[PDB]
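Below is one structure, written out as structure tokens, with a few remarks after it.
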Amino acid sequence: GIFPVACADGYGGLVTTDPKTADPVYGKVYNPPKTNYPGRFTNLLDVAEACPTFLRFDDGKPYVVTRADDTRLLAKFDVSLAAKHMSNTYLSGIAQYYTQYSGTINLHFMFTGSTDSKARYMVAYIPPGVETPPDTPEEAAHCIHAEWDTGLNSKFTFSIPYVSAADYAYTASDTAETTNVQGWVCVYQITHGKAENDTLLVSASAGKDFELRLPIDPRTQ
Amino acid sequence: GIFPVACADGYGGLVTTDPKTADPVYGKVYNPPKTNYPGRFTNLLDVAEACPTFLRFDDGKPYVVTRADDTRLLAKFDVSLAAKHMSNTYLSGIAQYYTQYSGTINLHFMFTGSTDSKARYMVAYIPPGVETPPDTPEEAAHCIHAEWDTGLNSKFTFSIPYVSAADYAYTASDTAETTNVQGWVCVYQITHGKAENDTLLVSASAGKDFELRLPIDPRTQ
Amino acid sequence: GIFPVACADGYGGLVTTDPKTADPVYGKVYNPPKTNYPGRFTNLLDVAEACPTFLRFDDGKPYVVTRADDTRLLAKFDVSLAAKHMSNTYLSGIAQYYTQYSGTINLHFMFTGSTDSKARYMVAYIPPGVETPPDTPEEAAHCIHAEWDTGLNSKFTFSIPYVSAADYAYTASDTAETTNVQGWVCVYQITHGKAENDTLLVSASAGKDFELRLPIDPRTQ
Amino acid sequence: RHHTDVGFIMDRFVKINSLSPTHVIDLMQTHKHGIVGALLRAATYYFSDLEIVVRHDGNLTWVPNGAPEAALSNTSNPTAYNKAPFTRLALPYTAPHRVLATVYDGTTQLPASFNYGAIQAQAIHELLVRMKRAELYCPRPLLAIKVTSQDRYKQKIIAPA
Amino acid sequence: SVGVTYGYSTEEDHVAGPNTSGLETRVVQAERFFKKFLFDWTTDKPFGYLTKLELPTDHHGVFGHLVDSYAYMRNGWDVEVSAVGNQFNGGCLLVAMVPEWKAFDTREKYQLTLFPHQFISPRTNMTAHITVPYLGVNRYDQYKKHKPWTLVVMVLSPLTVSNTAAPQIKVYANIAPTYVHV
């Protein structure tokens with residue numbers, strides 16, 4: 001009364017991604033349920049929302065050298081997913097273990113001078129291929145820009161729209177072309193009020209949109 | 001009309017813990033049901049509740065040498081799950097076949113002098129690391145202690161709370177550190193009334209709490 | 001879309017007792033239903049109820065030499081499941097293919113003299129280990145006994161209770177001890193009336209109780 | 001409390017020392033400190049079903065108790081044939097008694113009753129045995145390792161590096 | 001007294017049953033107490049001094065008549081132990097109901113009380129009292145070849161004396177089967 005042994009012709013590989021399971025052996029063992037313990041989480045993303053980050057400039061000093069005089073250009077960095085401006089960065093490491101990624105990106109700003117001091121600044125996006133960085137607030141504005149002041153607020157969070165070629169992109173960058181993937185998106189300012197020595201901070205973080213597809217080791221394990 | 005023979009890639013080990021079963025052969029055979037036979041049980045624990053035990057001191061004499069004079073210190077033993085004080089002990093052997101164990105531990109006391117004789121004694125716990133055994137009832141008491149008398153009762157059962165590092169511990173002890181795992185938990189007394197020669201007995205047993213996790217042979221089978 | 005091929009690790013032996021079946025090949029063939037044919041049966045036991053048997057004595061003559069004079073002892077045989085008294089015996093052969101057996105055993109008696117002749121006889125059990133066969137009806141009786149006469153009946157069937165060590169026993173007997181397994185259970189009589197030459201017959205058979213467990217060849221196939 | 005109800009403890013295996021072209025089968029054949037029999041020996045009366053495993057050659061073959069040994073190879077009372085390398089069978093109880101036990105003081109050799117039996121072949125190496133649904137009755141005394149040195153006891157423990 | 005303490009159960013039992021039970025019914029008059037000598041016990045014996053007593057000895061009783069009758073049988077067992085003294089003694093003896101007795105060894109001594117039991121000291125008890133319901137390999141038994149039980153006592157405390165007491169004590173016990181079926 002055998003059932004037809006519809007044997008397997010060549011499948012069933014002991015391989016990586018698999019969802020197959022196993023047999024408990026010294027099994028049938030409880031544990032005190034670990035609910036109500038603090039520090040629970042699931043998402044690298046979501047925990048990367050409430051937590052901001054920092055940045056870096058060649059001066060190795062995380063904060064921004066913030067000259068306060070007739071100068072107009074502040075400083076210009078880049079935002080890849082992997083760039084000297086953004087190595088030591090809670091996103092990238094989490095990022096660099098991936099290839100596909102999508103969605104908006106976050107930033108922050110923290111002021112330094114005494115509140116009394118009036119001020120002006122201007123965040124500004126630049127698309128990868130304008131062929132020339134802007135050199136004046138209003139013509140910079142043509143791409144993307146906004147404002148704030150010392151007045152009525154000190155913090156701020158900003159975002160660049162997830163422009164790309166396709167609705168996704170490569171995490172690492174290529175050694176087969178030239179054009180920067182994003183640009184040199186950075187900040188302008190109107191007349192400094194007064195300061196003996198300012199300073200600026202800046203971060204990035206996950207928000208409504210920071211997403212990924214996935215995954216492989218790059219490193220030399 | 002074969003069913004897809006989704007063959008097995010590398011599983012199904014003839015190994016130890018397994019729950020798999022077999023095929024009766026000269027089978028289909030009854031037996032007179034063995035109910036109503038006495039002496040039924042299931043639990044090493046539970047049968048280790050109603051049954052007390054004994055102990056041992058270097059005198060190889062199970063009972064306690066119970067000097068009856070101006071002395072204050074009675075004698076001091078230890079209670080591991082494996083210790084010279086507690087080898088020949090219905091728990092340990094059952095225990096020594098395990099590694100994880102938890103829950104309170106039991107004791108007993110049986111008096112020897114004639115009932116008329118007044119008496120005083122004081123059980124007392126000591127935590128593993130007080131760095132000094134107590135030397136007076138009231139300062140001993142600071143850890144844990146209690147009383148009774150010859151009066152109105154002769155038996156007694158006592159318990160130490162299952163203090164530990166974690167909510168479990170190792171059965172065998174280590175050869176990598178010094179501090180005793182439990183202490184030297186033992187007994188004091190107030191003025192002996194009168195006795196030409198006393199004697200004390202003492203046991204251990206399972207109770208509401210004596211538990212285990214499990215198991216491996218240690219021995220040299 | 002393979003189903004997980006939960007392959008077999010080491011089972012499935014082509015072995016003896018098995019209940020597994022096969023595949024008809026030149027199959028799908030009827031037969032004229034064999035009901036209403038006579039001689040149907042199922043049970044070696046049950047067919048061994050209505051059928052009695054015979055016995056044997058060293059005289060090779062199945063019937064009993066039945067001396068008719070002042071003698072008191074009639075003759076003494078044994079009833080094993082395998083004994084010279086009971087070889088040529090529809091039970092034993094059926095029996096000797098087994099090891100475990102249980103339940104009462106049957107006998108018969110058939111008289112020979114003319115009905116007019118008064119008579120007396122006394123069946124009697126003896127337990128294996130009385131250490132002495134009885135030598136008088138009433139003291140024989142102490143174990144088990146009963147009566148009948150020529151009067152009002154000529155046939156009779158008798159039984160020994162299935163005494164043993166355990167509620168079962170070995171069919172074959174041992175070559176490691178001495179004591180007979182059952183005894184020498186046989187018959188007494190009160191004064192013979194008159195006869196020039198008697199004769200007795202005797203059988204065994206299955207009844208309510210003759211049972212077995214099972215089975216192996218002994219023989220030298 | 002979720003152990004020391006035998007129903008989980010005595011469903012493993014245990015090595016047996018001896019063999020021969022024939023070989024009796026019994027529990028007390030086990031080692032008297034293998035964790036299997038300790039509990040077993042720790043009791044008076046026990047019953048179970050039975051499962052056994054044998055790595056072997058030729059033709060493994062088995063008979064229940066109360067049988068003339070002299071008649072095994074012939075006529076092959078039940079069995080299935082050779083197949084390497086694992087082979088797993090289970091026998092149901094057969095003994096003439098409604099329960100087993102460990103030791104039976106009668107005027108100290110083990111009795112000739114409690115007999116799961118024996119198996120026979122032409123080449124026999126390895127033995128695995130197994131207890132099913134078992135139960136035990138009137139637990140008996142039991143020992144631990146003996147104490148020789150001073151403190152409590154000492155023993156090596158595994159650990160990484 | 002501490003009162004009866006049962007072995008494994010406390011209940012009125014099945015008394016009438018099948019063919020052999022029908023053939024080996026509850027012969028009640030087979031029952032009668034008597035006394036056995038146990039042992040001596042003075043300040044001499046240190047701990048571990050075992051003293052065993054196999055069961056059951058011969059006895060000029062109707063029971064004793066049948067226990068030679070050399071036949072399938074079953075039985076019960078009721079134990080009542082004591083040793084008269086006086087309230088100035090001191091110590092602790094151990095009474096023991098052993099199934100399938102075997103020659104013990106020093107280490108296991110410290111285990112006895114697995115079995116049903118009481119304590120023996122002139123304060124708490126003056127009357128041990130213990131009953132084992134039947135058991136055995138067969139549904140019945142035939143003694144001579146075997147002994148399913150024994151009644152053993154051994155030291156559990158050294159024994160003390162003053163001038164007021166009696167420097168020697170004898171120890172009796174009560175042995176009589178019950179619930180007999182033959």
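Please note that chains go A, B, ... in the order of the structure tokens, that every chain numbers its residues from 1, and that ligands are numbered from 1 in the order shown.
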Quick one: residues within 7 Å of segment 194-209 of chain C, only C-alpha atoms counted, chain neighbours fewer than 5 positions away excluded, as a ChimeraX atom specification? /C:45-46,48-49,51-55,63-66,68,91,103-113,117
Could you make a table, as a tab-separated table, of the residues of chain A that have an atom within 10 Å of an atom of chain D, each with its nearest atom pair and distance in Å to one decimal, counting only C-alpha atoms, in chain and number order?
```
residue	atom	partner	partner_atom	distance
A:28	CA	D:2	CA	9.4
A:29	CA	D:2	CA	8.7
A:30	CA	D:2	CA	9.6
```
Residues from last step as file, N, CA and C atoms, as an mmCIF file, in the first residue's frame:
```cif
data_model
loop_
_atom_site.group_PDB
_atom_site.id
_atom_site.type_symbol
_atom_site.label_atom_id
_atom_site.label_comp_id
_atom_site.auth_asym_id
_atom_site.auth_seq_id
_atom_site.Cartn_x
_atom_site.Cartn_y
_atom_site.Cartn_z
ATOM 1 N N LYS A 28 11.664 21.612 24.319
ATOM 2 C CA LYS A 28 10.500 21.819 25.170
ATOM 3 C C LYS A 28 10.911 22.503 26.471
ATOM 4 N N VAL A 29 11.368 23.737 26.314
ATOM 5 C CA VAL A 29 11.927 24.484 27.424
ATOM 6 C C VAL A 29 11.377 25.896 27.380
ATOM 7 N N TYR A 30 10.856 26.370 28.496
ATOM 8 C CA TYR A 30 10.292 27.706 28.523
ATOM 9 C C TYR A 30 11.388 28.720 28.801
#
```
Expected answer as a CSV table (one decimal) with N, CA and C atoms, in the first residue's frame: chain C residues within 10 Å of chain A, only C-alpha atoms:
```csv
chain,number,residue,atom,x,y,z
C,2,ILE,N,8.5,22.9,-4.8
C,2,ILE,CA,8.7,21.6,-4.2
C,2,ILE,C,8.1,21.6,-2.8
C,3,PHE,N,7.5,20.4,-2.4
C,3,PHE,CA,7.3,20.3,-1.0
C,3,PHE,C,8.5,19.8,-0.2
C,4,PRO,N,8.8,20.3,1.0
C,4,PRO,CA,10.0,19.9,1.7
C,4,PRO,C,10.1,18.4,1.8
C,5,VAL,N,11.2,17.9,1.2
C,5,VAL,CA,11.4,16.5,1.1
C,5,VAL,C,12.0,16.1,2.4
C,7,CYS,N,13.3,13.8,4.1
C,7,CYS,CA,13.7,12.5,3.7
C,7,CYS,C,13.8,11.6,5.0
C,19,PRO,N,3.1,-4.8,8.4
C,19,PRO,CA,1.7,-4.8,7.9
C,19,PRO,C,1.7,-4.1,6.5
C,20,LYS,N,2.8,-3.8,5.9
C,20,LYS,CA,2.7,-3.0,4.6
C,20,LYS,C,2.3,-3.9,3.5
C,21,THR,N,1.7,-3.3,2.5
C,21,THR,CA,1.0,-4.0,1.4
C,21,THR,C,1.7,-3.8,0.1
C,22,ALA,N,1.1,-4.2,-1.0
C,22,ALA,CA,1.7,-4.1,-2.3
C,22,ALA,C,0.8,-3.6,-3.4
C,23,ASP,N,1.2,-3.7,-4.7
C,23,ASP,CA,0.4,-3.2,-5.8
C,23,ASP,C,-0.1,-4.3,-6.7
C,24,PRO,N,-1.4,-4.5,-6.9
C,24,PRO,CA,-1.9,-5.5,-7.9
C,24,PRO,C,-1.3,-5.2,-9.2
```
Return the neighbours of chain B among the residues of chain E, cut-off 9 Å, counting only C-alpha atoms, as a ChimeraX atom specification. /E:7-9,46-48,87-92,107-116,121-124,133-135,156-158,160-162
As an MDAnalysis selection string, could you give me every residue of chain D near chain E (at most 12 Å apart, counting only C-alpha atoms)? chainID D and resid 42:47 95:108 111 113:114 137:147
Using DSSP on the backbone, list every residue of segment 99-193 of chain B that comes out as alpha helix (DSSP H), and give them as a PyMOL selection string. chain B and resi 137-141
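Here atom CA of residue 192 of chain A is placed at a distance of 21.9 Å from atom CA of residue 57 of chain A.
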Quick one: DSSP strand (DSSP E) residues in segment 38-191 of chain B, as a ChimeraX atom specification? /B:100-102,105-106,124-125,144-145,159-160,169-170
Once you have the residues from the selection above, write them out as a short mmCIF file (atom, residue, chain, number, x, y, z; two decimals), in the first residue's frame, restricted to C-alpha atoms.
```cif
data_model
loop_
_atom_site.label_atom_id
_atom_site.label_comp_id
_atom_site.auth_asym_id
_atom_site.auth_seq_id
_atom_site.Cartn_x
_atom_site.Cartn_y
_atom_site.Cartn_z
CA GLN B 100 20.55 24.36 36.13
CA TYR B 101 18.52 24.38 39.35
CA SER B 102 16.30 26.84 41.15
CA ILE B 105 15.71 24.42 49.88
CA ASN B 106 14.37 22.58 52.92
CA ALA B 124 20.36 31.68 60.73
CA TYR B 125 21.16 32.32 57.09
CA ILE B 144 18.16 35.94 58.39
CA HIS B 145 17.19 34.10 61.55
CA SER B 159 14.16 27.23 54.43
CA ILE B 160 16.73 29.56 52.86
CA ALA B 169 22.98 28.69 39.08
CA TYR B 170 25.47 25.94 38.39
#
```
Skipping near chain neighbours, those fewer than 4 positions away, what residues fall within 12 Å of residue 99 of chain C using only C-alpha atoms, listed as a list in words?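 The residues satisfying every condition are residues 81, 82, 92, 94, 95, 168, 169, 170, 171, 172, 173, 211, 212, 213, 214, 215, 216, 217 and 218 of chain C; 63, 64, 65, 66, 67, 68, 69, 94, 95 and 96 of chain D.
When atom CA of residue 187 of chain C is paired with atom CA of residue 83 of chain C, their separation reads 18.3 Å.
Here atom CA of residue 136 of chain A is placed at a distance of 11.5 Å from atom CA of residue 71 of chain A.
Comparing E:81, E:165, E:96, E:120 by their smallest distance to residue 51 of chain E, the closest is E:96 (using only C-alpha atoms).
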